[PDB]
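Below you'll find the structure, written out as structure tokens, and then a few comments.
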Amino acid sequence: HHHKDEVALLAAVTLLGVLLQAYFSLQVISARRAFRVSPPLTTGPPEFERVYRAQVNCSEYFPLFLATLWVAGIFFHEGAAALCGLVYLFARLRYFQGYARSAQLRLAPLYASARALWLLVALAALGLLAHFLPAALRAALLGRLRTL
Amino acid sequence: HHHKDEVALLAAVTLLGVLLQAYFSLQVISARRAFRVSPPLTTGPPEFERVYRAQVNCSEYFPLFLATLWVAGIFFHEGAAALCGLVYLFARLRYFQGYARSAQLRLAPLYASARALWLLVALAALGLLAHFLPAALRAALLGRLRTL
Amino acid sequence: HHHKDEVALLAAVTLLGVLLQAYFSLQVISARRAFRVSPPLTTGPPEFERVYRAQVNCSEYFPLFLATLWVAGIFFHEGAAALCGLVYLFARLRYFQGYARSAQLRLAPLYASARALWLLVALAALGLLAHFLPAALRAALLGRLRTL
Ligand SMILES: N[C@H](CCC(=O)N[C@@H](CSCCCCc1ccccc1)C(=O)NCC(=O)O)C(=O)O
Ligand SMILES: N[C@H](CCC(=O)N[C@@H](CSCCCCc1ccccc1)C(=O)NCC(=O)O)C(=O)O
Ligand SMILES: N[C@H](CCC(=O)N[C@@H](CSCCCCc1ccccc1)C(=O)NCC(=O)O)C(=O)O
Ligand code: NI
């Protein structure tokens, strides 16, 4: 047997996320051409700095997303986690587009991405609680018993 | 039984990648001493900014590499994925060395790293397609059948 | 059967790490308000630049930590890896607090975080060596045998 089936949606969402990050990167290179900024050096016009910063921020959050997606998907529920992941990634795409246009337009999709991510966290937390708390509670009761 | 055997090459390549990242970090600290830059603050001579930026970029791509390596290795083929990973990591080492010497010398190994990574993506995509597409196609046919 | 049991501590430490990263992020937003820095743009007073840089560095190391935690936990020993992970994360929290106050105060917890992480690396390396080296050594002997 294989456990590919138990994680395939997580893997698909993960790959989609990688692809999205790649898209962000190409958008950064394109802003580097458009606004004439050569590597190294990450300062230039406001629009470049916004696109660049949107990419940096997405990159910074991407491992957090992956970690929680997987923990939630394995410990809580695969489908829920994948859905939350899809919502998160879509929110991040909109974040990147907004930020690229204006700092303020990054905000609505930013909030959406954050809501989905904390939800992923909550599912992870609940799943882990479900795993550890019963055995822990039993062990505590046994020690009390004890009396006897 | 354990699934360590099914992922050991992925794990080895992963660890090698971590080690390589550590190497990049130590190279950055060494440039911080050589070109007299004290934390925080990441601006200084061109050579420092290049070494620093090479490290930043490698760091930024490292989770993307890990994600795709694992998805490709689990869904497509472990050995192929690990090989692509090795090529990628070697390419990144050369990227870092080039960039450290000159922005332009970062370019050839950069292209090599990108080719290997998209290959990892393609293997991931193919592996996932192989997982989902048959069941999906069957389900679609069944709905057509239906007639009857 | 499920392998949740074999990775639950790794998952818990991972989630704790994500939560800690989130904390760092909120601390950065709070410094953005306190020291009046609006996105994009990551320059401002020294204290902001230190908090920001502490967050950036933690973010940069977080995937390395995750990779090694998991490899060590799967290939060497789950409990040891999780413990090292806890020590690492605590060290990083102290790192962030120190850096936030003064660059120099980042140093002691920084060294602690590095010691724990290399230990994670060593466990990963030993676990992987244990997996590959016997089969490899046998294969080499068989080829020698050979004679005959
Ligand atoms: N923020 C960018 C860094 C990333 C980027 O936009 N481009 C990549 C290469 S983009 C090529 C295609 C996308 C890469 C990839 C990644 C993950 C999966 C698929 C494709 C890069 O290596 N830039 C720095 C350099 O030239 O050394 C920058 O610093 O300029
Ligand atoms: N780009 C660097 C950040 C990383 C770096 O080069 N050094 C590490 C520590 S390097 C020590 C050895 C390598 C760390 C490690 C990581 C992963 C696996 C093994 C070893 C660091 O913590 N720098 C910032 C700081 O002093 O607070 C910088 O901002 O100066
Ligand atoms: N270093 C920060 C980036 C991250 C940060 O501090 N805040 C997050 C949002 S913090 C909200 C709560 C924490 C997010 C989260 C992440 C992981 C798990 C749980 C919660 C952010 O999106 N900043 C940039 C922007 O406004 O576009 C900066 O560039 O200002
Ligand atoms: Ni199994």
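One-based numbering along the chain as shown.
Per deposition record, X-ray crystallography, 3.2 Å.
Keep in mind that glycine also has a Cβ here, set from the backbone N, Cα and C atoms.
According to the PDB entry, the features are:
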SEQADV    A:1-3  expression tag
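According to Swiss-Prot, the features are:
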TRANSMEM  A:9-29  transmembrane segment
TOPO_DOM  A:30-50  topological domain 'Lumenal'
ACT_SITE  A:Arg33  active site, proton donor
MOD_RES   A:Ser38  phosphoserine
TRANSMEM  A:51-71  transmembrane segment
TOPO_DOM  A:72-75  topological domain 'Cytoplasmic'
TRANSMEM  A:76-96  transmembrane segment
TOPO_DOM  A:97-106  topological domain 'Lumenal'
ACT_SITE  A:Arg106  active site, proton acceptor
TRANSMEM  A:107-126  transmembrane segment
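Recorded features from Swiss-Prot, shown on the structure.
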residue  : record                       : DSSP (3 states)
A:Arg33  : active site, proton donor    : helix
A:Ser38  : phosphoserine                : coil
A:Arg106 : active site, proton acceptor : helix
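Through the fold, the expression tag (A:1-3) approaches none of its own chain's residues that are at least 6 residues removed from its boundaries at a Cβ separation under 8 Å. Rounded to the nearest whole angstrom, the C-alpha distance between the residue listed as 'phosphoserine' and A:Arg106 (active site, proton acceptor) is 25.
Here the active-site residues are A:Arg33, A:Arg106, and the one whose Cβ sees the fewest other Cβ atoms within 10 Å is A:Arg33. Remote same-chain residues near the topological domain 'Lumenal' (A:97-106) are listed as 27, 47, 50-51, 53-54, 57 (criterion: CB distance under 8 Å, separation of at least six residues from the stretch ends). For the topological domain 'Cytoplasmic' (A:72-75), same-chain residues at least 6 beyond its ends with a Cβ under 8 Å from one of its own Cβ atoms are 6-7, 9-10, 81-82, 84, 120-121, 123-124, 127-128, 130-131. Helix, strand and coil residue tallies for the topological domain 'Cytoplasmic' (A:72-75), in that order: 4 helix, 0 strand, 0 coil [DSSP]. In this view, A:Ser38 (phosphoserine) is surrounded by 9 other Cβ atoms within 10 Å of its Cβ, with every protein chain counted. A distance of 22 Å separates the Cα atom of A:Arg106 (active site, proton acceptor) from that of A:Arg33 (active site, proton donor). Nonlocal intrachain contacts for the topological domain 'Lumenal' (A:30-50), taken as residues 6+ away from its ends with a CB within less than 8 angstroms of a stretch CB, comprise 99-100, 102-103, 106. Listed recorded positions A:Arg33, A:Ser38, A:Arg106 compared with chain B at a CB cut-off under 8 A give A:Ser38 as the close ones.
For the expression tag (A:1-3), the number of residues in each DSSP class (helix H, G, I; strand E, B; coil) is 0 helix, 0 strand, 3 coil.
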